[PDB]
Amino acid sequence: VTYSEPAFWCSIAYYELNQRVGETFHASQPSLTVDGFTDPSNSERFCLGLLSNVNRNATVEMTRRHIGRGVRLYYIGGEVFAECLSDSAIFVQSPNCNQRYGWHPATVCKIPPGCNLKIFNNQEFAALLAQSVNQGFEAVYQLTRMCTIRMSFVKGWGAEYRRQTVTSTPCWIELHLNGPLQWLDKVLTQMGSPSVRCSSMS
């Protein structure tokens, strides 16, 4: 297998509750904001305010009005950061981040306005990828979760909150890191197949 460098360092999908809303945003510049405004043609702004959803109700709509300046996402070397530009907090679930601090990988971290958090470190990811090959195909396969980061605007979820899953928050986004996914692919294509058999029938 051969590889070409991704034109986009990440891709971002927006969600309301359990429903995907709008097109996937593909990020070509190393810094970008996901905000609640309405510029449709800026390669550095994923503007959520112009996305329609005939099905959305009042909780989602009030929340959307509070995204505001939203979240700034950028990378420096092999490290990815999120900065809360919104007047309201944002809540991040990054397995790579959680493993760094010894937390459960489903832990949700709160970012108050004006603060930033390192949500991904590639060097820690490479180390985990190196160890996963000793665990078999399925172990490597799950590492895609290390390359996906989920973030909710305004509303928290998890142990400290009444909302328990990300699909219960009104306004959230799903970030995929394309560089690390390519390195994962280079390993997966050399791992064989899983040992347990699937029948065509079951």
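Position 1 is the first residue in the sequence shown; the rest follow in order. Here the rigid core means the biggest group of C-alpha atoms that line up within 1.5 Å when the two forms are laid on top of each other.
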{"property": "Stretch with greater C-alpha deviation in 6 other deposited structures of this protein, 36-44 versus 148-156 (rigid core superposition)", "result": "36-44"}
{"property": "Greatest C-alpha divergence in 6 other deposited structures of this protein once each structure is fitted on the rigid core, 133-141 or 24-32", "result": "133-141"}
{"property": "Segment of higher mean CA temperature factor, 60-68 or 158-166", "result": "158-166"}
{"property": "Mean Cα B-factor comparison, 4-12 or 193-201, giving the higher one as deposited", "result": "193-201"}
{"property": "Top Cα B factor in the deposited entry, candidates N53, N134, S152, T38", "result": "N134"}
{"property": "CA B-factor placement of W103, once the chain's modelled residues are sorted into thirds", "result": "highest"}
{"property": "Ranked C-alpha temperature factor of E174 among modelled chain residues, by third", "result": "lowest"}
{"property": "Relative C-alpha B-factor of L73, binned into the chain's lowest, middle or highest third", "result": "lowest"}
{"property": "Lowest, middle or highest third - CA B-factor, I90", "result": "middle"}
{"property": "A126 - Cα temperature factor, lowest/middle/highest third of chain", "result": "middle"}
